[PDB]
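The chain below stands alone and is given as structure tokens, in the form deposited in one PDB entry.
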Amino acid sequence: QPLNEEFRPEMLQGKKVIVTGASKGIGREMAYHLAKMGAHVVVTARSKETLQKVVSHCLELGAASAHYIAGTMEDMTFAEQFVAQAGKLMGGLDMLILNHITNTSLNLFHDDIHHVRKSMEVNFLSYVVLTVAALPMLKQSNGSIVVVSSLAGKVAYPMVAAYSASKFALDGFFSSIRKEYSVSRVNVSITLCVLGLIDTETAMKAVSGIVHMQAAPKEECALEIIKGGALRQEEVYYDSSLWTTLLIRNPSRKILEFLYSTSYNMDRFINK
């Protein structure tokens, strides 16, 4: 259930926001847009130094306030405590942007069970832990959770098997709890972001000299994420391909969820 109007930057002014994986790439881009909009930001990642750079530019850009707390989202204790500390720094929370992933490479799957588990722990499970911890704050602000996923969390590509497992898991979990928030009247929005290849240094280094589809700009990607999030959209799509509309516009899933969503809808085609 989105917000009616069109996006205005004014919407984030004074809002209290967490961005994870925000020392590099898209997370850093998002932090910068949030700063320019005059939000309070807490950013996180493992690296002390790179987070400081981002904090400094955020303040320069006009952020109501800016802070960083460092640590690995492999540590579910850290994840849980991080949201607590970040909520103290800002006096509440309006938007939780879940963006970090564990380092991965483009490669055939062979037998790296430990990579599959780590991808699942860092890319999926840590997001559930951060959500549980943030939810009381979000409940009292009528806030928003933004979950960064990928085209590879909607369709199958080779070379990203463990990664794709974890992005699909995000769709299943968060789309399910969105249905639960709706039956339990929890006014917290959940936005799933489905991104094409984006020109972050990590990705551009991986695809160097291999044949692949155009990368889209990270800066606009980051604004489009914040906009869909602020507007409380269920999904945000950002990529460069003409083909992607085949995914975006397929209404089958929405039709099925609708058919099964009430006893009255199931009564159309199913005996009581």
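The numbering used is simple: start at 1 and walk along the sequence shown. C-alpha atoms forming the largest set that superposes within 1.5 Å between two forms make up the rigid core. Residues that one form lacks are left out of the comparison.
Where the other entries of this protein model the residues before and after it, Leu61 is kept in all of them rather than dropped from a third.
Per the records, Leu231 is modelled in every other compared entry, just as the shown structure includes it, so no third of them leave it out. The mean Cα B-factor in the deposited entry runs higher for 55 to 63 than for the other of 55 to 63 and 207 to 215. Stretches 238 to 246 and 34 to 42 differ in mean CA B factor, with 34 to 42 having the higher one. Each of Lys154, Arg117, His110, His100 has a CA temperature factor in the record; the biggest one is found at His110. Highest C-alpha temperature factor among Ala162, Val194, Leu197, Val183 per the entry: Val183. Among the modelled residues of the chain, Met11 sits in the highest third by CA temperature factor in this PDB entry.
Sorting the modelled residues of the chain by their CA temperature factor places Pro158 in the lowest third.
When the modelled residues of the chain are ordered by C-alpha B-factor, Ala230 sits in the middle third.
Among the modelled residues of its chain, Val129 has a C-alpha B-factor that falls in the lowest third according to the deposited record.
Remark: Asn123 belongs to the lowest third of its chain, ranked by C-alpha B-factor as recorded.
The form deposited in another entry exists for this protein as well; it is not shown, and the discussion that follows is about that form.
Once the rigid core is used as the reference frame, the Cα position of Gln52 differs between this form and the one not shown by less than 2 Å. Annotation: Cα of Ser65 displaced by less than 2 Å between this form and the one not shown, core superposition. The rigid-core alignment places the CA of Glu224 less than 2 Å apart between this form and the one not shown. Remark: 209 to 214, 239 to 248 are the runs between this form and the one not shown in which three or more consecutive shared residues have Cα displacements of 2 Å or more on core superposition.
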